[PDB]
Number of protein chains: 2
Amino acid sequence: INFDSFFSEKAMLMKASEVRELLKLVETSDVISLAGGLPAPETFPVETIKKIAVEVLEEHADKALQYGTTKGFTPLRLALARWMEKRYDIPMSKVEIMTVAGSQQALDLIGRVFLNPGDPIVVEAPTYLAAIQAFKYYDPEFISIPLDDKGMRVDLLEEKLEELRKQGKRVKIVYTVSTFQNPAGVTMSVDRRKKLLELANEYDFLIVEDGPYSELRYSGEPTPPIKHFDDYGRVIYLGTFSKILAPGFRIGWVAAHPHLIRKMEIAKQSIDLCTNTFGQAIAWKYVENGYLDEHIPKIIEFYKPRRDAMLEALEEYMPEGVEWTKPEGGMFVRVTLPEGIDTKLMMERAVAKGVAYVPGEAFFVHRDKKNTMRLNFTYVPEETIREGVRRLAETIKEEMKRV
Amino acid sequence: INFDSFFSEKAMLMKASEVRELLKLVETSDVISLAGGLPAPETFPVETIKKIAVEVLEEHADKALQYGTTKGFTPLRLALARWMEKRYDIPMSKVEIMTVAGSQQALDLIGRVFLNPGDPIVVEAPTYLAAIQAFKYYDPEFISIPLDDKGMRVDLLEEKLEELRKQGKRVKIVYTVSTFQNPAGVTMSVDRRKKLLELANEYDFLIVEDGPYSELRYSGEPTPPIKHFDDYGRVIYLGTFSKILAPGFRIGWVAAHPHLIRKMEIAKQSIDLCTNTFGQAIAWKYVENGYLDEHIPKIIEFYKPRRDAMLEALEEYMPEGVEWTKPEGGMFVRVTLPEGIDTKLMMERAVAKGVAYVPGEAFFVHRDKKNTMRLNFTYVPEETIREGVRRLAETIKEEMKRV
Ligand SMILES: *Cc1c(COP(=O)(O)O)cnc(C)c1O
Ligand SMILES: *Cc1c(COP(=O)(O)O)cnc(C)c1O
């Protein structure tokens, strides 16, 4: 049987050889990996989860195990609306909540609901790889905007929007991981958040704010989600239980205008019918009964030291010519090497010295920048982080000699 | 803000006004609903689920709560391969297993992976509404084939395939809910299953066998899944825990040739990253430790009486001119009224008399047959079923008078 002849056009394109190649290197024996994107299992509130699971099965079995609505388990959606309104002072008048099988599904749904081939969509450069993967399927025109210490360069965005306007072109969506960005670790300043919203009205586009780390600030001044400043529904906010509960439940939520939620709901129905109800019932109690609020500080207390250890090790071992972001939360740090260095090609040399990272090329729509890398500090203890950074520094010193 | 201007072409099309209209009628006060498609909560093995959940959280917390692979939790996939091989004597050489967020996701993935606009796909007439919904998004050309007491009319399929061949057209996929069909309740005979496979080789197409009720036969002679006769990978088998464990976990699985699984895996990654791991770990123990095999007989024992009550009530109260299928398992029965009767229009009259059903028009790609309906017997007790059928019979007697 020739199976290839059955595949659709989009299926013929998609492939994952490069992710397999990277996994092969990262999993090599005797390698300290700083290339992961996973939360630390020590942060999973297992005892709390066990207690709630039992509670749900004893008092809410039928609703927790039966098919649910596509929009999502109402008690959870209501608890999330209340929690968000309170924690971020979000104007809720034009806000409705729907749950999704992880924020990832929201990304795919945003693609289905808003993107026609060729539609211009703005993403940061670099940006979340899974977002690029989700949107690319819909073949939009990717417009990338650089970042700096204060996140997306909204000044450059405005210039690009004007240029596009003059070309009779329009941007439908501006996608931003506004706080503790994956992969850069930078955070959009409040002044830029307000400006982005102004631009959204001026150039009439919608903002997709991915907020997976909104609850994980370890230091610096709080930066309210862009959604907090949204009074009309210009922002589609994506939250997730992945980093504040556990990735396993595959439960995320979308806070947006009813008109958008209804469309996303219709699109979701044919994809998976509903988000898993058992996990939703558990998340319901987790949020409504105060467990989430009690656990967040514990997560911060666990990650902060690892964040500090990585920044301290970089300062201690990295040679001159190397720069890195200073994340005030989240799980990632971006390291930038001198121009001319290809961190993808240097990978095997890093692995040879016992360390792994994610070559930065992948986080760029066109994979045009090659001297950066993403490091992770959540998954490994402080000493391992230091040893890992030490090995990476030697790798870099040697790479710098090549040319 | 004019949100409509942002919606994609496909988003502009999709809508759910008719499902809302039906839900409105079904939920009317004082109505016995035979229009549901849900398993009975009494069949959920709650105590077993509670025990396994605790076990998983005490002994496998990290793997049950952390992000999983897109292909699926290996211990579960291996247990499913073993269980299937044993229970259905499936030739496993060219079979690999991947888990999905319910079989529904498999349907969407099959659409993404195999269907280009205009591609001919065969479905039974009637067929599973959610399947039509999943495939339609990909705009294929629906080719429908009638059913009879022994399922899909494979003789008619062959004639249609020949006609298409002569037209230079080819069918990529033949989708069939081979056992205890939703909505008809009929089952494809073993002779037709073997013939369908022969045709798959002769006309070179792939078979998607949806087997949500493969484990729920209450009477009659066992009919092995079409997959049991597949030695080369012509069949993509879809199983689900929805009717044998609980719909809430949103865990289904796909048993197919590695080449197809790999493509589906790539497509799934950008949709939701992975199926929820917590539910997968629970399903793993449920299957591997023998719970599933012990529970199946209990489900059969619970549903069989309800199946019998509905068939007995139809025979007792239905007027001459009314026919219905005699399901040997599953959850549905198809009732056919005299030509000229529109069960969609009769709906409000049925609701007025205290009973609801699903007008059959929806289960047809073009919604061209209007004298049928789908009844469900799993969700309500025997006496309620009889009272419901009694009210439906009076509704029909009166409808027959109209013209
Ligand atoms: C961690 C993360 C997510 C979460 O994805 P889920 O599908 O909810 O697990 C989303 N966006 C970014 C930027 C992340 O790094
Ligand atoms: C019940 C049913 C399913 C199961 O769907 P899930 O997404 O696994 O819950 C699939 N196909 C048909 C024909 C069914 O009636």
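For the structure itself, look to the data block above.
Residues numbered from 1 in each chain as written, not as in the entry; some residues may be left out. Chains lettered and ligands numbered in written order. Heavy atoms only, no water.

A.B. asks: Go over the site of ligand 2, please, and point to the residues and values.
C.D. replies: For ligand 2, the set of nearby residues contains 15 residues, the closest of which are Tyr 67 of chain A together with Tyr 213, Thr 240, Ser 242 and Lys 243 of chain B. Around ligand 2 the close residues trace back to chains A and B. A distance of 2.5 Å separates an oxygen atom of ligand 2 from a polar side-chain atom of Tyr 67 of chain A. With respect to ligand 2, the side chain of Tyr 213 of chain B contributes an N or O atom lying 2.5 Å from an oxygen atom. Notes on ligand 2: free accessible area 400 Å², of which the protein chains cover 99%. For the shell around ligand 2, the class distribution of residues is six nonpolar, six polar and three charged. (Near = heavy atom within 4 Å. Polar contact = N/O pair within 3.5 Å; in protein donor to acceptor, adjacent residues only side chain to side chain. Areas by Shrake-Rupley, 256 points an atom, 1.4 Å probe, with all protein chains shown as cover. Nonpolar A, V, L, I, M, F, W, Y, C, P; charged D, E, K, R; others polar.)

A.B. asks: Outline the environment of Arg 374 of chain A, listing residues and values.
C.D. replies: Residues and elements named next belong to chain A. Inspection of the secondary structure assignment puts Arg 374 in strand β14 (residues 372–376). Judged by relative accessible area, which is 9%, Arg 374 ranks as buried. Expressed as a C-alpha distance, the spacing of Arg 374 and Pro 247, which sit 127 residues apart in the sequence, is 20 Å. Residues within four places of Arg 374 in sequence aside, it is in contact with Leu 34, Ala 35, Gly 36, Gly 37, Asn 182, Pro 183, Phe 332, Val 333, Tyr 357, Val 358 and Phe 363. Among the polar contacts listed, one links the side chain of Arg 374 to the backbone oxygen of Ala 35, at a separation of 3.2 Å. A distance of 3.4 Å separates a polar side-chain atom of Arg 374 from the backbone oxygen of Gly 36. (Helix = DSSP H or I, 4+ residues; strand = E, 2+ residues; numbered from the N terminus. Buried < 20%, exposed > 50% of the residue type's maximum accessible area, 1.4 Å probe, protein only. Contact = heavy atoms within 4.5 Å.)

A.B. asks: Can you tell me about the sheet that holds strand β3 (residues 120–125) of chain B, naming the residues and giving the values?
C.D. replies: Residue and element names in this part refer to chain B. Strands sit in the order β2-β9-β8-β7-β6-β3-β4-β5 across an open sheet of eight strands; the sheet is mixed. Two strands in the sheet have a free side with no partner beyond their single neighbour: β2 (96–100) and β5 (151–152). Relative to strand β9 (residues 252–256), strand β8 (residues 235–240) is paired through four bridges, and the arrangement is antiparallel. The residue bridging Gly 239 from the neighbouring strand is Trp 253, located in β9. (Pairing = 2+ DSSP bridges.)

A.B. asks: Lay out the environment of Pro 258 of chain B with the relevant residues and their values.
C.D. replies: Counting through the fold element by element, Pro 258 of chain B comes out in helix α10 (residues 258–272). Setting aside anything within four residues of it in sequence, one finds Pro 258 of chain B in contact with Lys 94 and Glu 96 of chain B.

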